[PDB]
Amino acid sequence: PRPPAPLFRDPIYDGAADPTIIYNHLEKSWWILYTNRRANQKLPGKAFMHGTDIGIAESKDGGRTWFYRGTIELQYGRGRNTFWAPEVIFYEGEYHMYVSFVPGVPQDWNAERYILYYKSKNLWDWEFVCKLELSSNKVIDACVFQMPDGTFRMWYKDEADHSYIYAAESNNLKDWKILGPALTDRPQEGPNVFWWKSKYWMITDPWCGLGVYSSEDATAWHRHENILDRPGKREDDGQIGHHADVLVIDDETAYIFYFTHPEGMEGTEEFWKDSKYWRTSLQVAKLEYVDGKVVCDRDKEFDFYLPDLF
Ligand SMILES: [Ca+2]
Ligand SMILES: [Mg+2]
């Protein structure tokens, strides 16, 4: 059947955003990990975006039904801090998380941002490995893809360099070498790289729907039309899509997980003055390949199924 719409709302703060989907091999279930903004609280300034943990949504029926399981509450030093937009990959029997960190609970954008590396055997329990040394101390929104020579490539947003997408590389998943700016066409965030239809694709969030790029080498990018830039008809899908994660099932089947601010009015003073605008909803849509380009009709019915990985 068609996926649920919305796919999922967080039942603690209703601030589900920046979804990353990961198969839980031990419990044989699909997990979505998400930034949980404190969206249903009456808070000063931009506080609702901060003091965040990672929420867990689980499906045992291939994504037809989702249930909140709880939080991943990470620690980096002392106090109440901010955790954003985890990347999680399974590799050599372990889960590898690249999570964005903001010190304390800011009420504005006047703070550093780091990417931190945590590891887990079971997706519940995480051990701190290290802080990544990237191009600045204002870096967020890691995504990782393993290249054919075995080297892992990372993309992230550098807010200290015009909010451009940067690339880095690692052979051991711990130590990362800066490759430099990957995209210098526009400020954007939430990079997501995948392989499909014999090409590399990057999805970005330039805040007017999602950017779409293709590459033969995951270095030289060719820009295509945005997706999820027009309102959808489904419940809570009537606004631009944000910060996506792509799951490739097979050569014909790829799903895009994203979030909306369903009440809209982003980019206005009204957004910050009325907490009704703060809530976010997870969504899924099906990617298509038309005239050599990845496209998406968020309104088109499809039979959503997330099979167990064997
Ligand atoms: Ca991401
Ligand atoms: Mg992913």
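Residues numbered from 1 in each chain as written, not as in the entry; some residues may be left out. Chains lettered and ligands numbered in written order. Heavy atoms only, no water.

In the PDB header, X-ray crystallography is given as the technique by which the entry was determined, and 1.7000 Å as its resolution.

Student: Please give an account of the overall build of the chain that cites residues and values.
Tutor: For the chain, the helix and strand inventory stands at 1 helix and 20 strands. For 310 residues, the compact-globule estimate of 2.2 N^0.38 gives 19 Å, and the C-alpha radius of gyration of the chain, at 18 Å, lies within 12% of that figure. For the chain, the spread of C-alpha atoms along the principal axes amounts to about 45 × 45 × 40 Å. Looking at the chain residue by residue over its 310 residues, the buried ones come to 57%. (Helix = DSSP H or I, 4+ residues; strand = E, 2+ residues; numbered from the N terminus. Rg over C-alpha atoms; globule rule 2.2 N^0.38 Å. Buried < 20%, exposed > 50% of the residue type's maximum accessible area, 1.4 Å probe, protein only.)

Student: With reference to specific residues and values, describe the nonpolar core.
Tutor: Core analysis: the biggest nonpolar cluster contains 20 residues, and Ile 32, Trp 66, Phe 257, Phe 304 and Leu 306 have the highest contact counts within it. Where this core is concerned, the elements lending two or more residues are β1 (16–24), β2 (29–36), β18 (254–260) and β19 (281–290). Among the elements that take part in this core, β1 stands out by supplying 4 residues, more than any other. (Core = buried A, V, L, I, M, F, W, Y, C linked by side-chain atoms within 4.5 Å.)

Student: How would you summarise the UniProt feature "binding site: Mg(2+)" (unreviewed entry) in the chain if you had to cite specific residues and measurements?
Tutor: What UniProt calls "binding site: Mg(2+)" (unreviewed entry) maps, in this numbering, to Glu 87 and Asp 245. In sequence the annotated residues extend across 159 residues, while in space they remain close, none of their C-alpha pairs exceeding 9.2 Å. Its location among the elements puts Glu 87 in strand β5 (residues 82–91). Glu 87 gets classed as buried once you look at its relative accessible area, which sits at 7%. Aside from chain neighbours lying at most four places away, what touches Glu 87 is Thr 20, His 96, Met 97, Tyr 98, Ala 142, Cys 143 and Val 144. Position of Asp 245 among the secondary structure elements: in strand β17 (residues 242–248). Of the residues examined, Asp 245 reaches a relative accessible area of 7% and is grouped as buried. Excluding residues that lie within four positions of it along the chain, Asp 245 makes contacts with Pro 19, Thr 20, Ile 21, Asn 192, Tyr 255, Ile 256 and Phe 257. Within the structure, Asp 245 has its side chain in polar contact with the side chain of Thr 20 (distance 3.5 Å). (UniProt positions renumbered as here; feature names shortened; annotations may be inferred. Contact = heavy atoms within 4.5 Å. Polar contact = N/O pair within 3.5 Å; in protein donor to acceptor, adjacent residues only side chain to side chain.)

Student: Describe the pattern of salt bridges, with residues and values.
Tutor: Scanning the model with the defined rule gives 17 salt bridges in all. Each of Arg 113, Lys 157, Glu 159 and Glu 189 takes part in one network of salt bridges that share partners. (Salt bridge = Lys/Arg side-chain N within 4 Å of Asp/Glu carboxyl O.)

Student: Help me get a handle on the sheet that holds strand β6 (residues 94–102), residues and values and all.
Tutor: Taken together, the 4 strands give an open sheet; going across it, the order is β5-β6-β7-β8, and neighbouring strands pair in antiparallel fashion. The open sheet is flanked by β5 and β8 (127–131), the only strands paired with a single partner. Direction aside, the axes of adjacent strands within the sheet are offset by 25 degrees on average. Relative to β6, β5 is paired through 8 bridges, and the arrangement is antiparallel. The partner of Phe 83 across the bridge, within β6, is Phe 101. (Pairing = 2+ DSSP bridges. Axes fitted to C-alpha atoms, helices over the stretch in contact; angles between N-to-C directions.)

Student: Tell me about the UniProt feature "binding site: Ca(2+)" (unreviewed entry) in the chain, and name the residues and values.
Tutor: Mapped onto this structure's residue numbering, the UniProt feature "binding site: Ca(2+)" (unreviewed entry) falls at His 243. Note that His 243 resides in strand β17. Not counting residues within four places of it along the chain, the set of residues in contact with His 243 comprises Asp 18, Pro 19, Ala 85, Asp 141, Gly 190, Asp 205, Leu 210, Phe 257, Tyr 258 and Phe 259.

Student: Describe the packing of aromatic side chains, naming the residues involved and giving the relevant values.
Tutor: Scanning the entire structure with this criterion turns up 27 aromatic pairs. With centroids separated by 5.5 Å and ring planes inclined at 65 degrees, the aromatic side chains of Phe 83 and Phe 101 adopt a geometry described as edge-to-face. Taken as a pair, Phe 83 in strand β5 and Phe 101 in strand β6 lie far apart in primary sequence, 18 residues in all. Assessed through its relative accessible area of 3%, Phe 101 is described here as buried. Measuring from centroid to centroid gives 5.4 Å for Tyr 118 and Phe 128, while their planes differ by 70 degrees, and the two rings are edge-to-face. Taken as a pair, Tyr 118 in strand β7 (residues 114–120) and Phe 128 in strand β8 lie far apart in primary sequence, 10 residues in all. For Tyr 118, a relative accessible area of 2% corresponds to the buried category. On the basis of relative accessible area, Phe 128 is assigned to the partly exposed category, the value being 34%. (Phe/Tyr/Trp six-rings, centres within 6.5 Å; stacked < 30°, edge-to-face > 60°.)

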